[PDB]
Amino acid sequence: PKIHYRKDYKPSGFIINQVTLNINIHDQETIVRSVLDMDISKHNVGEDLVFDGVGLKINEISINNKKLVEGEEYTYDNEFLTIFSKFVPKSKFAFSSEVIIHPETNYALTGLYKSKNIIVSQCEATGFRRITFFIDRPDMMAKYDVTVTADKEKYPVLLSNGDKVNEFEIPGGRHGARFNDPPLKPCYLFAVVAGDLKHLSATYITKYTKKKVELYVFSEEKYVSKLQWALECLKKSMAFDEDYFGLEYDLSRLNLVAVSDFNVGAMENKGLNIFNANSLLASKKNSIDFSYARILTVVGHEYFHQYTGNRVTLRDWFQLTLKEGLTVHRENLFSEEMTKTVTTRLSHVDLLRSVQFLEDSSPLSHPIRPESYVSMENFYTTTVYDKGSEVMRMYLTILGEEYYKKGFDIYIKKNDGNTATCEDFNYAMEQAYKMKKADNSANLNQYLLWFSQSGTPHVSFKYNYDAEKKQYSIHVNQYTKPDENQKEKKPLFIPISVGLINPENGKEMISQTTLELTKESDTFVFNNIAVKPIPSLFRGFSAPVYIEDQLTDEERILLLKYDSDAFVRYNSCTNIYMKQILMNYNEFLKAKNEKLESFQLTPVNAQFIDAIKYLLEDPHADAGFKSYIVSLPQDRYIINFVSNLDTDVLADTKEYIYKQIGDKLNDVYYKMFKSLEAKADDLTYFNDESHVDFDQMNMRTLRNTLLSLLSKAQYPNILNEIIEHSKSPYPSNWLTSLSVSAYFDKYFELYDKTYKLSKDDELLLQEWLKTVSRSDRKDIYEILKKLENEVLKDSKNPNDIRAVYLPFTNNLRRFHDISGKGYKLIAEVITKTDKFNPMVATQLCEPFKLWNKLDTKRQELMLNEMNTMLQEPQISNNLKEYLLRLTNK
């Protein structure tokens, strides 16, 4: 296995200036002709000319129109085409080839493949080499002239990058289109689509240049009525980049295309963004509420790449976070502005501190700019994306909006049209930092450690107040645990956004303040502090760290009720829950270990329950925030705080805490569930796909959360509400009715009813599969076998496989059954999927990421299955390298 090292970057000895492609799609094969106009670079030392090319069938290859002969002048080993240097010209030359590829059977969904009846490409990161020979790396920038031909009846719509400059008929019922894309681009941004596509379209006029941009959104004909929201989101994205960043689209046309079979969410191919249908298509009758925020974020994400990734691209793949972390940050700014709900930011934090913190304390931990890789297909991690986004967001926190915008423009202007590195972005931010500090000696050299140092910092606090001097001090310490990437961890530049709350009246005691912690520890002192405050720390979650606030639960309750910052309120609640969880967990664990006949559990803090009631009953409070405060922290967040976690004991702990709170608040929950109904389920705009109300959807989230709590509690006659909920027009509601009915004998009646409602829309059926998969059923294993035999079968569609199995893996009691049978089941699915889609097979390994954090019996059971998978003779490169890293082999 070849290991690529970041320190080994060197420019190529060759240049590719022009790519001229002819892609002729036929029934059983696709023939690709390519002429590369090439040159010798200043770095050339007379080496062999080596092209990437994976799985290509060579018809012929030539240099300057002279056919080369296999063996004497080149070798091809199905991975690399080597032309011996004695046959490589010394000046500008043309390399041409004709190869045969087979999209129909390309079930890995990389390169050129068929998704249902659509031919589609996916070239990031190194998939272009599966289409034709290339020096397949992002610093090889070239012009593209692309002709696609195909049967006209099956493939009437042909698309690639650039301007469509010719359309022509071909004998035998065929036709072609030629696309010329003069601006230089890396090959991972190449795309082609052919299909019987239907579309919606609009014209957008840019803010400053007043350019007319044609916007097209495509899907198969069956789902064309689900395209409206995506088009609205694209218009919103363009406006936001214009309004916040001053950036306009510079091309004549932008196409978005939905396909059913896609390894991830979407891809930013220049002018031809290609989407998983589940991240582009929705309608109010056939989609759950989550789809609306999903499409907004994914359309925005791919649009924002046009500057951060496409116009400014990557020198090499180790810079991935430069485009992905920065684009997620841009996406997050956009979504926060569009939704105007505090739960948007809270949802990103919630994901980071569960999924990404788990990754960063696992054997897979890496910095956002890794030092090495074997598989690019495994490189697209929550660390690179979501911790990368938080590192990009900290620049905005440190600089403030005005100077952040100044630094961002410096980055765009300096690097527009070229490749770039993480250092280029830090340099632009540093120029703004010097301006903000009015100090040309200021620098951000320390900030670069956020790119190189792995692991999550821990930040802890101690406080002192002198009542006579009116002087308050915050002593802060930071610590990152050593790991495999750094034996000694250096202190980071950690920005700590803080407020000081007067406990007597809940008011702010200081102006907006961002402490700049740059040492292992520092003490921050404030004068003229008239009373002892409660500190509001890391407002907005201002750094990606473990916060140890060292506050009492009384102080945390005061913040939860009265602080101004949504995150600190949510975090104060989180911390109260965690203290309770760890305490009850240890009490249950000791009772288990000591085989106690009787024991005591510490009850939930009664003032905390009172505060939850206070917030729930406040008609001025936010429904989305309310849904967070009645939910315990995610299991994957909890596990970062417990060694040798016994998942059964944790399940018992959660059950006790939920029952303690429900025994006090269920009547409040039921009253709110009923009173929220009119606004939550308002149908006034049900048939307007342009009208999306994020507050209303949060109201439904709250109702569906409360219904789940009441159903688990067997609240009297709650089954009446469940059955009525099943009649709601909103899929979020009627799919919730299925999941909460798990606790009642009507489950399979609602199983059948919701199946019939879901079965005729491909994406809705996948949402139904997820709902069944996450159902809290004692017979869940039998239910999964029924889904396999009756619905999933041998589908190779990743959306189908992920829907059936991933939600179930979050079933704490059943997936972690002490027999190991859930580990065995998912391992069988992984090995089966690995035969045709190694990238998705590795995604299905996600439940094993926490293996060494569980109790020793479950560690052994998980490790056994991973070793079984590693011993499969046909294991893919992706899955092997992933499992080797995960098992510390």
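When you see a residue number, it is the position in the sequence shown, counting from 1.
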Mean C-alpha temperature factor, higher of 290-298 and 754-762: 754-762
Entry-level comparison of average CA B-factors, 87-95 and 775-783, reporting the higher stretch: 87-95
Among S572, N502, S283, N717 - the residue whose C-alpha B-factor is largest in the record: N717
Which of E594, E587, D522, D565 ranks first by CA B-factor in the deposited coordinates: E594
Lowest, middle or highest third - CA B-factor, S675: highest
Chain-relative CA temperature factor third for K413: highest
Third of the chain's Cα B-factor distribution that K853 belongs to, per the entry: lowest
Entry-reported Cα temperature factor of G46, expressed as the chain third it lands in: highest
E860 - which third its CA temperature factor falls in, relative to the rest of the chain: highest
